[PDB]
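All remarks here apply to the structure that follows.
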Amino acid sequence: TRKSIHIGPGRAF
Amino acid sequence: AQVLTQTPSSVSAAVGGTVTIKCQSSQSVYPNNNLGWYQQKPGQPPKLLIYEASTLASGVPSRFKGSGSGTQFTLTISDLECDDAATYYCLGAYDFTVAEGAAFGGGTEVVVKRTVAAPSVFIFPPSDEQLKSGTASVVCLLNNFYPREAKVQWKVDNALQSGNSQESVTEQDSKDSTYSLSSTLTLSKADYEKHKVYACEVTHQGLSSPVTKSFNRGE
Amino acid sequence: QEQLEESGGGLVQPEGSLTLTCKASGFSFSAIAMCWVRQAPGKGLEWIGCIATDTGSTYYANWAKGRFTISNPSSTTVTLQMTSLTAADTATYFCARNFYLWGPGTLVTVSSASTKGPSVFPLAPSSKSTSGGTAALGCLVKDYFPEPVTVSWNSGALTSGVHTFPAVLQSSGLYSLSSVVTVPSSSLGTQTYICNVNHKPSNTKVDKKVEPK
Ligand SMILES: [Ca+2]
């Protein structure tokens, strides 16, 4: 499950 | 509650030099590489330079290098160019199930050093159109100079003015690293029409002596 | 091809509310984080929050919880609803996809002051212009509120040597700025120079012709 927001392009989490 | 401390607040280096910027986080970013670096020029959105701590965004030159992990990160800008004059920010992202999801560092201003350049000075009388409204604006322009420090003095029939002018300065030019500056003198139409000689006197490191631009009200 | 655009900003009364919209172009959302970031005039970036477009789940900065609501009403829009607004909320508001694709921003100004369009005055070239040298001319954009105004020259055909200064807030509470350009002193009598001033907040467009007197 999601734990953080991905900074930058690619995966979002 | 997340704290991301960015240092220094400002730094200056010459073209070809290197600048080093650090961000330290109280909590570890999540995952340990989840940090980005941004460049922002005035009036524009921030521009992603590096994400995942060290991954280059598209088109970003290799003289921008990110490093670090967890709670300590560094942006090193080498081979500095005039175009690098800007403000830079780090951004961390965190485990949002236990804390705040993100935080920006406080930013770092980068100033590009260059050789002294004297300003070209111009003076503008108030327009007849404005005078009808009871106020007169007199404008003095200092164009394309370096460094930023400059002294502008208004004299009205040789009487030094104080309290009735304001200055505006441009951001460092992205192509030649100079500044331009405006000083605007504000007077009532009544006071303006009491005097003849309006002068702007400019002192700057690049001038061999103070430069004065003048006009006689009417001519 | 992919772009974001913020809308809905403008002048709003203290304690009022405002809803901003972020519109995607060239793509639609597919399980991504759409985020809002703001920047007070002359200050740093400040995170507001993000929404996950597939679940509608939201994540805010501690300072923003409750007062700011991010929603996702369509496959190409997110909104930011802001309440009990204060001068501390005056800022450019940006939306961003995962902090890498950014809109240009939209300005929110929280004030009881009136909207007021500028007056535009010429900064005329000097008659003492050195003939084999450079002359300066410009436009004084005086007494407007709120920010921003834009200035172009000869409808955008003239950009080299253009300097539009940051606005200055006068004691009156109104802004003014000057925009200037340098040209060959021997182009004065043969060439036409017009500054194109736009103060969208007051619906004001002015084209001023600048000539020697
Ligand atoms: Ca922040």
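What do you get for trypsin sites (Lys or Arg not before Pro) in the stretch B:76-181 restricted to DSSP loop and a cutoff of at most 14 other Cβ within 10 Å of the site's Cβ?
Values: sites: B:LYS113, B:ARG114, B:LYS132, B:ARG148, B:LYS151, B:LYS155, B:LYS175; in loops: B:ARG114, B:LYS132, B:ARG148, B:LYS175.
When the trypsin sites (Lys or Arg not before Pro) of the stretch B:76-181 are filtered for loop state and at most 14 Cβ neighbours within 10 Å, B:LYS132, B:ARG148, B:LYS175 remain.
From the P(r) of the stretch C:76-123, can you give the percent of Cα pairs sitting at distances over 15 Å? Mind showing how you got there, number by number?
Details: 713 of 1128 pairs.
Tail fraction, whole percent: 63.
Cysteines without a disulfide-compatible partner in chain B, using Cβ under 4.7 Å as the rule?
B:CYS82
Mind checking the mean number of beta-carbon atoms from other chains within 10 Å of the Cβ atoms in C:58-64? Before the final figure, lay out each step's value.
On the way: counts 2, 10, 4, 7, 4, 2, 1.
Taking all residues of C:58-64 together, the mean is 4.
Give the range of the longest stretch in chain C that excludes all GluC sites (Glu not before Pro) found in loop regions by DSSP and having at most 16 other beta-carbon atoms within 10 Å. Before the final figure, lay out each step's value.
Working: sites that count: C:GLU2, C:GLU15.
Formally, the longest exposed-site-free interval is C:16-213.
Given Cα pairs under 8 Å that are at least 6 residues apart, what percent is the relative contact order of chain C?
19 percent
Please average, across the residues of C:44-50, the number of beta carbons from any other chain that are within 10 Å of each residue's own beta carbon, and give a whole number.
Numbers: counts 8, 12, 2, 10, 1, 3, 6.
That works out to 6 on average.
Return a whole-number percent for the relative contact order of the stretch B:137-213, with Cα pairs under 8 Å and 6 or more residues apart as the contact set. Before the final figure, lay out the partial values.
Numbers: 128 pairs, mean separation 31.3, N = 77.
Rounded, it is 41 percent for the stretch B:137-213.
If you average 1/r over every pair of different alpha-carbon atoms in the stretch B:115-217 and take one over that average, what Kirkwood value in Å do you get?
Averaging 1/r across every pair of different Cα atoms and inverting gives 14.2 Å.
Restricting things to alpha carbons, tell me how big the stretch C:113-213 is in terms of Rg and Dmax, in Å.
Using the Cα atoms of the stretch C:113-213, the pair Rg, Dmax is 14.2, 48 Å.
How high is the relative contact order of chain B, in percent, with contacts defined as C-alpha pairs under 8 Å that are six or more residues apart? Don't jump to the answer; show the numbers that get you there.
On the way: 532 pairs, mean separation 41.2, N = 219.
Reported relative contact order: 19 percent.
By what distance, in whole Å, do the Cα atoms of chain C stretch along each of the three principal axes, largest value first?
Result for chain C: principal-axis Cα extents of 68, 41, 27 Å.
Run lengths n ≥ 4 of DSSP H only: what is the helix-derived mean residue ellipticity at 222 nm for the protein assembly as shown, with -39500 (n - 2.57) per run over all residues, to the nearest 500?
Numbers: 2 runs with 8 residues, N = 445.
Taken over the protein assembly as shown, the calculation gives -500 deg cm²/dmol.
So which trypsin sites (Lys or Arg not before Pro) in the stretch B:10-86 pass both tests, a DSSP loop state and at most 14 other Cβ atoms within 10 Å of the Cβ? Intermediate values should be presented prior to the final figure.
On the way: sites: B:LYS22, B:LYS47, B:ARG63, B:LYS65; in loops: B:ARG63.
Taking the stretch B:10-86 and a limit of 14 other Cβ atoms within 10 Å, the loop trypsin sites (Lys or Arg not before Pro) found are B:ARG63.
Throw me the Rg/Rh for the stretch B:1-114, computed over C-alpha atoms with Kirkwood Rh, two decimals. Show your work: numbers first, answer last.
Working: Rg = 13.7 Å, Rh = 14.1 Å.
Ratio of gyration radius to Kirkwood radius: 0.97.
For chain B, build the convex hull from the C-alpha positions and give me its volume per residue in Å³.
Values: hull volume 35.3 nm³, N = 219.
Convex hull volume per residue, Cα atoms: 161 Å³.
Would you mind computing the Rg to Rh ratio of the stretch C:1-112 from its alpha-carbon coordinates, Kirkwood style for Rh?
Rg/Rh for the stretch C:1-112 comes to 0.95.
What ranking of B:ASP173, C:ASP207 emerges when the number of other C-beta atoms within 10 Å of each C-beta is taken as an exposure proxy, fewest first? Can you show the working numbers first?
Numbers: B:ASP173 18, C:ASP207 14.
Neighbour counts put them in this order, fewest first: C:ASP207, B:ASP173.
Under Stokes-Einstein, with the Kirkwood radius over Cα pairs standing in for Rh, what whole-number D in µm²/s applies to the protein assembly as shown at 4 °C and 1.567 mPa s?
Calculated translational D: 54 µm²/s.
Viscosity 1.306 mPa s, temperature 10 °C: what is the translational diffusion coefficient of the stretch C:37-83 from Stokes-Einstein with a Kirkwood Rh over Cα pairs, rounded to a whole number of µm²/s?
Numbers: Rh = 11.5 Å.
In µm²/s, the coefficient is 138.
Quick reminder, even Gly has a Cβ in these numbers, built from the backbone with ideal geometry, and neighbours come from all protein chains shown. No value in this document is a laboratory result; all are computed from the given coordinates.
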